[PDB]
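This document starts with two versions of one protein chain, written out as structure tokens and named structure 1 and structure 2.
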Structure 1
């Protein structure tokens, strides 16, 4: 039997702010769809008592179980619903019925940072340093919570009402190599220990991503562009990248310190928040 009794909040919340009232679908008005993912259909929704606007994601138990990702979904909901930070997309709670799982999510109205990046072509130093400050703050909170997988690529960053970053959890079901097989776990078995060990090398890797992200913010494209997989792997492992002429000395300093091959040499998150280029240009 597949248990949908998650270790996650399912109590009704009074947004105007012994067994308790649980969520139900009848608690929500439904608006237009916000998007469709691999397993989720996201709708604009409104809790009826408070009229509070949020996002409701509907997933289907049958296809979750058929793809073998139901246990991963449970883990994501339990993990995400216990993170509380202004720059982390809030998961308020969940409920389920005979065929569906419902996730009650913070609504982020201004799209992803990746789309904003594509619209503006590139970000100036003030917005870049402000985004980096927000992500460094969120990443410090996350390490405090010992969260498994981190992803701060711009396509995983949503934008709040006042333009604040919201780290999302897109692509939770597709971390395994792509394939046409039914279940979304099997292809991992074909990775030998030598390769899977790289996926467990997870600590100072958020510092690397921070440097790549700062580069992509300022330049508009990531720094290790190559024509084939093997070339790209070599560019990354040997940290072979250059800056366009307009990138300033302070920006170059921070990015080059974050993109050190030796993880030991990468700065701590505290040093990023104290970096002179960050404090000079960040509005936070």
Structure 2
């Protein structure tokens, strides 16, 4: 399908940022409700993101999993690039965190397992996300977690492992670190290496400097400590995470 802007009715902006915005849209003929990511050619060229755009297109159109946000197609005009995406009705895990302050162990272990299954799928197809964070985690109508924004995927520093921040060689174990950061943030309400400056955060990540509040459970402390390892090869496999006692006891 060729696809033009005239085929869609644009609704409210779902999210705003650099490069463009994501809108709720409806295809005119089918009445199909979707998410329309409107990216400006001006900012894409003046940053060299053209490759990352192709990677999001290629990866998300070819990946098919219930915990991964679908990409149905794309189009462009003189000014903009339009990505036709699956719409996630229950919004971002980021927004849910702000509202709830922090999550219980049941919600956390459910989200971590859903993320691990999707990441296991990506990793079997040699796809590494590298940008796993609450803003990129979306919720379906049954409250199921879905990974979006595969732009930074290849085959703030808050969620980045020491390998990436230090500019070293990296692999699938990057997403394992990010999962450990997410697990802590879901339970605490703030990421483990948060600091008021980039220089401070960088320092905390490279040295793996984090502490647990009293309310953090032994099993949760255990899982997080296994994921948050400076050494990439020391981080467990996704199946070891899915087999973790704290995960099997609290997940759904």
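Note that the rigid core is defined as the largest set of C-alphas that superpose within 1.5 Å between two forms. Numbering follows the first chain given and starts at 1.
- Only one of 72, 87, 112, 209 has its Cα shifted by 2 Å or more between structures 1 and 2 after fitting on the core, and that residue is 72.
- The Cα shift for residue 219 between structures 1 and 2, taken after rigid core superposition, is smaller than 2 angstroms.
- After superposition on the rigid core, displacement of the C-alpha of residue 248 between structures 1 and 2 stays below 2 Å.
- Here residue 102 counts as shifted, since its C-alpha moves by at least 2 Å between structures 1 and 2 after the core is aligned.
- Overlaying the rigid core between structures 1 and 2 leaves the Cα of residue 32 displaced by 4.7 angstrom.
- The shift recorded for the CA atom of residue 231 between structures 1 and 2 is 2.2 Å, with superposition on the rigid core.
- Aligning the rigid core leaves the CA of residue 140 displaced by 0.5 Å between structures 1 and 2.
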